[PDB]
Each structure stands twice: as structure tokens, then as C-alpha cells.
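Enquirer: Residue numbers (the authors' numbering), protein chains in the order written: chain SG, 1 to 180; chain LW, 1 to 108.
Beta carbons are placed, not taken as given, at the ideal position from N, Cα and C, and that holds for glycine.
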RNA sequence: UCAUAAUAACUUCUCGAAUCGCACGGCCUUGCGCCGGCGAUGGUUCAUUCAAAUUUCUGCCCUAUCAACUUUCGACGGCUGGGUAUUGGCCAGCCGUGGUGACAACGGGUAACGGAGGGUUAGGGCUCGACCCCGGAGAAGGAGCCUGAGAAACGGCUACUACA
RNA sequence: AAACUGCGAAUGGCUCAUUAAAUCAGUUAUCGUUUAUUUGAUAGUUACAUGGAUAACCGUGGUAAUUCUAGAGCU
RNA sequence: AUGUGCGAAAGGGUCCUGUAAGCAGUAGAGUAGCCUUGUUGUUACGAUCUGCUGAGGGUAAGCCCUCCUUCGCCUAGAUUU
RNA sequence: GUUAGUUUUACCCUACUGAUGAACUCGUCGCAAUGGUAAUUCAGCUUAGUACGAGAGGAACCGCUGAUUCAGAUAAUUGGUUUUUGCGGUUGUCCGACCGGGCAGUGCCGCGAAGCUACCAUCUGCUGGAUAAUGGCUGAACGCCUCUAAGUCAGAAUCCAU
């Protein structure tokens, strides 16, 4: 039964295979969004606390927060709900979702790290990934760099570099067209 | 070997005890003794029978409550470097002394 | 008791532009100051247009081996409300005993969607009209509903029955 | 390109099952109502510019199966 | 016939029934009075509901345990080989 | 041809099924003369689409697992029975009301332990000897032949024992 572990702080994700059930005994009967200790997973997990975020059933159905049951139930999912993407305005479709109580039946759990432990994870907490985009709105740029009322927000925007395919010319720069 | 629970009253069922009932609509009911099924076939509501497990949990007998809401709201952490500028670039620019900023306004 | 205006108050309560494109202009206290044109997209009320829903008068085939019909649980009328975009026995209470008929009611048949019109001719007539134009209804049989100015919609959704 | 947002998808096209004052025809009324759009008028009571999310995207997954969808990170 | 004795009570365990009497309540469809007219204004009536309450009652008469709960009884009377 | 019409007595003797018992001191542990006697039948898998036959058709021994009729016990589970008048619900009337009770031959209804009980529930039912029918061995009477005349082998749900 696989585990999907994510690190929001470092922006890193990993998937692991666990086949020994007594390590997963402490996970049973917990609810989605609860707090659990990662000590039974292994010696390298000492000092770790994890948050249960979601999972998938053996048939493939996902868990939906707010329904208390170990089996799966049929629901009339309207617009704005979690596991429904309507194809037409005002459309309502009846679907089946699995409850929020963890059990041995599910195939994959999804969970994230809340507090770092003393030991490090070989492929999860030892690497970080940069952000993708900087702020674009005018007021958000000023707050990010703690500028004053009149500090020429134009000059401080983040600009990257890109080069043509094979023209041999110098690369140029791109800017986000500050709004408001 | 395994144990089951009475559908009407929730009592534990051990092998060889009770009965098994199959209705016309293909629904399966299990009983532990004669008291349960005699009340079930009489069209009695299990939520109004004082000794059933389902009645007890509705009136919240022997159960306590827990709250952990505001504890989760505290979960905040640090920041990282955007692809455009490495982490050393952002804090150097935010910590520029005001004299440089004054020069920028006059120059512009 | 129309249009419109005035006074005392009220409201989980609105609207009265934090939006976009072209042109490059004119003043003097020369300040990264003030003013200025034409369009796009929105916005409250009245008027207009495309309409829609109800509504007045008269007009449909054969049959009496169909002569009395309507009010269990609205059938005809009065009153106070509820609901609807609005009128109304459309609905809820209370109170009257009425309404149609030999000038054919009520019921049964239709190998019956209605009309503009087709065929055949001294005149008078007989017969047909599913079908290119106008109006109405349906998307296998029944009911229910969301979005929206507008749907009880099916190349939209929910449930049962029958097929698959 | 993609994706959010706006509009249309209630027009066309097909058929004649039900239906005997019902549909329909000519002729009236709305001082008894709703109306997108079009057209013409029309509203004096931090400001040199306010606040939080989300899609596209990167990357990590489940089911034999569908225009099924999960949790993590930007704007 | 001095005993791990016998008998009568008691406590615990196990079962069956299904939440006792009593008191209290900003519970309760409503109704009738009095006033200073109230944000629960009070005085009276009210099937039922909620709390103390898986409570109360019964349990060997052919159920179990107790030397470590209490109180009683005892080396006979008669006949025969 | 058709319709309606009173069915008496056992306590006596014997027989049968069970139950006590005088005499030789009172007891405990044992042998077994004689009497009784018990089990029964089928189906499925495999052997096998094999032997046999031109074809059509179509067996059997062992082995394995179940079922029918009968017999002897038992009540852990499931079902029946209710005077446990054990607890609860309710109608009429009586004790002034509440509480707690009487009467209506057990007022009535739901559940109901204990005991009894059902192929309506569960368990169990043995193998030695001697033979009949028949098929054989050695072998005369009858210099050949022959299961019989002397002797002898196998053998049935039979008979006698365990």
C-alpha cells in the first residue's frame, strides 16, 4: 500500500512502498486532517509528525472530506463540490465517493510533513525547488520588498532571461506588465 | 473464525449463536438472540429502545468531546527563492539603506 | 385612486464607473504641476422594437338500440386571506343552493391535428386535405427539477417501468 | 496555442400519437402583466487608485474501464 | 460423634426484564386571573419530555463462590441378631 | 332405489409388563450355567466412452464420499412449552387522591431463564468357526474313464458363537 508524502516547505514530493501491516496499524481509524506521529514508520522518522490529507480507494475512488463512513456512498454532487467538474451551467450529476475514515481497504494514502525531525530523508528534505512566478500586482510588489509610498515599484520587478532556438543571438529579458 | 455485530442492537455475536435472515429485497440481517428479531419483525424503531447501542450513542452517554481548531491555524513556515532571483538577491534588495533610495528618486 | 409633486418613517437592501483603445494638443507660478478630443464596455427610470401569457363575439363529421347531467375529495355564487410576473373557485377557512338541457345537454364512434386550399362542374353541389405557408402538440412510456430575460428542454439532469 | 471571463446553445430540422367548444379562423381587450437585445432621452453623495482566492503551468499518484479525478507548490 | 461438619441469613459472580419512588427544569400543545406592562412580569392548571438512572426489582425452589461476614446445633432415644 | 335411527360391566383366577421379599451374622469385590440378540438398501466420483460390436449402443472388481428404513443415548447450540404468576404494558370496578394492592376460577398482551423435549436438533451401531447349492484334486468299482465309493480343497444375506 503506497504512501504519497509531500513537503510544502521545500516543495518536494515522494512516493514509497510499504508492505508490512503492523507499521500501518496506528494509521487506522484516523480521520482526514488529523495529527499522527511518524515514529512507527522507521528509525529515520523519529521526531516527525504528519498530516493526513487524502487517499484513493482500491477501485480508484477518492475520499471526500465531511462524510463519515468506512464504505463508499452515492451523492448528488452539485457545482462547487470537490470531486465534480460540471460540463454545463447548472448541471448536477449523481456520483459515488468514499468516506473520510481511514481503513485497510484503501490503496494509497496522501500525507504531508508538518514538523521536521532530527534525521533527514534521503530524497525528500535534502532538496528544494524554486518558485515559478513572482508577484504581479502593484501593491503586492511594494509589500514584498517593503518599499515606501513612493519607491518606483517599476525597477524592482523580477525579470528572467530566454534565448532563441539556434539563431546565435544574445538572450533577452521578460517582464510581467505590472497591473493596477 | 470471526465475530459479527447484531444489526438491531449491536451486541457481539460468536460462532454458532443467533440466526441469519434474508429478506425479499436481498437484504441481510443478523441477530444474536430471540429478543432482537422479535422486536425487528414487530416494526419497532431501534432508536427508541433504551438498551440498544444505537440509542445510547444518540443521547451521548459515556462519551466526551475534543476540540483542536485554533491549534492548526498556527501552521506557518519560512520562504524560498524564486526562479528569477536567488535567495541572496531578495534580502539584499529589501535591506538597501534609505540613502540609496533617496538617490534613486533624485536621479529619476 | 392617471401622469407628477409634498410630509412623517422604514429596509440582513440597491444604483450613482477603483474598467479599456486611439490621437500628442494647449497654458506658466517649470511643478516627474494643471487643463483638453473622439471611441469601446457598463449603469437607474421612462418610451420604442422582436414578442409572450391570458381574454370578447360567432363558426366544426355520424349516432337516441346514448334522455336527463354536475356537487366522494368545488359542482354555481358572496367575503377575508395565501400563492403567482398579474386577473381568476388557482388554493385555505366561513356562509348561501345553485349551474346545463328537445333551439339536442351528457356519453359513445372517428381507418379525426385545424386552416390557406386540391379534384370534379350550366347553375345549385359532392368529396379530399399526413405533406413546401400560418397556428398547436411530441421526442420509447409517466412524473420532478437546475441554470437563465426566456425551458417543465431531452444532440440538459434525477427516479421508476420496458428494451439494450 | 492553452486557460479564465462574456455570449449562444430556448432558433432551425422531423412527425401527426393524443385531442369533438379542445386546437383553429375572422374580429376585440390588457384602466389585469413580464420582456434579453435594438433605438432615443436620463441619476451632484488610500482616491496619484483597497483586500483575500483560483485556472493555465511545473512536479508526485490511483482504477481492466469513461469528455472520471486526487493531494503538494506559483500568479 | 469436633468436622474442608450440618442448617438459617448475608455479601460477590452469572442471568431475565428495560430505566423505579422522590425532587428539580428558561422542556411542553395551550387556557384562566392580577398588576408597577415585562425581553423569563408573576399566580394557577397541563397527556408528555429531560437530569440524578444500563437504573430499580427478581435470582434455586433440582445455578456458582465465601476457614479469610454473622448467629445456632453435636459423642443420643428405641428394637433385634 | 332412497333419508333419519341408545354400542353395558373387570376390583375376581390365570397370562403379560414392572416393583418388594422370610430362613442360614452383617458387608465389599468377582465367576457365568441357562434365556434374549440387529442392522438394512441405494446413489455420485474414479475405473471408462474402456472391454464387446461394421455401426447403433455400452458393462464390472477394488478405492473415495454421501443418502433411505431401523436401533440405543444426549441437550453446548436452533425450535416448542409458561404458575418463575420473574419484569414490563393495558380495560372494568373497589380501597377518598398519589404510592401500593384486591376481584374478573391463570382478566388480557410482549419478552422470558430453569426443567422436559424434536430424522424440527446432535452423537454412535463389532468379527470368528461350521456348512448348503456349485465348481475342483488324488482315485477305484469296470486294465479306459469319472468331484465319491475310502480320504480331501474352495464356498452364500444360511447356522452356532464373540
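#1: Taking only runs that begin and end inside the segment 28-92 of chain LW, name each unbroken beta strand (DSSP E) of 3 or more residues, in chain order.
#2: At the level of alpha carbons, what is the spacing between residue 20(LW) and residue 13(LW)?
#3: Kindly identify the DSSP beta-bridge partner or partners of residue 121(SG).
#4: By Cβ distance, which residues of its chain are closer than 6 Å to residue 124(SG), with the 5 residues on each side in sequence left out?
#5: Got a sec, what are the start and stop residues for the alpha helix (DSSP H) residue 99(LW) sits in?
#6: Please compile the residues from chain SG whose C-beta is within a distance smaller than 9 Å of the C-beta of residue 73(LW).
#7: Which chain SG residues are close to residue 10(LW), counting only those with a beta carbon under 9 Å from its beta carbon?
#8: For a cutoff of 8 Å on Cβ pairs, would you count residue 67(LW) as touching chain SG?
#9: Less than 8 Å between the beta carbons of residue 50(SG) and residue 111(SG), yes or no?
#10: Output, in sequence order along the chain, the residues in the segment 112-132 of chain SG whose CB is closer than 9 Å to any CB in chain LW.
#11: Could you name the residues of the same chain whose beta carbon sits closer than 7 Å to that of residue 4(LW), not counting the 5 residues immediately before and after it, in chain order?
#12: Express the C-alpha separation of residue 2(SG) and residue 93(SG) in angstroms, rounding to a whole number.
#13: For residue 157(SG), which residues from the same chain have a beta carbon less than 8 Å from its beta carbon, with the 5 sequence-adjacent residues on both sides left out?
#14: Counting only beta-carbon separations shorter than 8 Å, does residue 134(SG) have a partner in chain LW?
#15: Taking the alpha-carbon of residue 102(SG) as reference, which of 34(SG), 18(SG), 171(SG) has the nearest alpha-carbon?
Expert: Concretely, from the data shown:
#1: 28-31
#2: Position 20 of the second chain, counted from the first residue, corresponds to residue 20(LW). Position 13 of the second chain, counted from the first residue, corresponds to residue 13(LW). Computed Cα separation, rounded: 11 Å.
#3: Counting from one through the first chain, the residue named residue 121(SG) turns up at place 121. Answer is none; residue 121(SG) lacks a bridge partner.
#4: For the purposes of this step, residue 124(SG) is taken as the residue at position 124 of the first chain. Cβ neighbours of residue 124(SG) beyond the five flanking positions: 7, 12, 14.
#5: In the second chain, counting from the first residue as 1, residue 99(LW) sits at position 99. First-last of the alpha helix (DSSP H) with residue 99(LW): 98-107.
#6: The sequence position of residue 73(LW) within the second chain is 73, counting from 1. Simply none; closest approach about 13 Å.
#7: Along the second chain, read from residue 1 onward, the residue named residue 10(LW) stands at position 10. Near residue 10(LW) there are no residues of chain SG at all, since even the closest Cβ is about 16 Å away, more than 9 Å.
#8: Numbered from its first residue, the second chain carries residue 67(LW) at position 67. Chain SG, which has no Cβ nearer than 8 Å to the Cβ of residue 67(LW), makes this no.
#9: For the purposes of this step, residue 50(SG) is taken as residue 50 along the first chain, with counting starting at 1. For the purposes of this step, residue 111(SG) is taken as residue 111 along the first chain, with counting starting at 1. The answer is yes: Cβ separation under 8 Å.
#10: 114, 128, 129, 130, 131, 132
#11: Residue numbering aside, residue 4(LW) sits at position 4 when the second chain is read from its first letter. For residue 4(LW), where only same-chain residues beyond five positions count, the Cβ hits under 7 Å are 13, 30.
#12: Here residue 93(SG) refers to the residue found at position 93 of the first chain. Here residue 2(SG) refers to the residue found at position 2 of the first chain. Whole-angstrom Cα-Cα distance: 31 Å.
#13: Start at 1 with the first residue of the first chain, and residue 157(SG) comes out as number 157. Cβ within range, chain order: 134, 141, 175, 176, 178.
#14: By 1-based counting over the first chain, the position of residue 134(SG) is 134. True, the Cβ-Cβ gap to chain LW drops below 8 Å.
#15: Position 102 of the first chain, counted from the start, is the residue given in the question as residue 102(SG). For residue 102(SG), the nearest C-alpha among the options comes from 34(SG).
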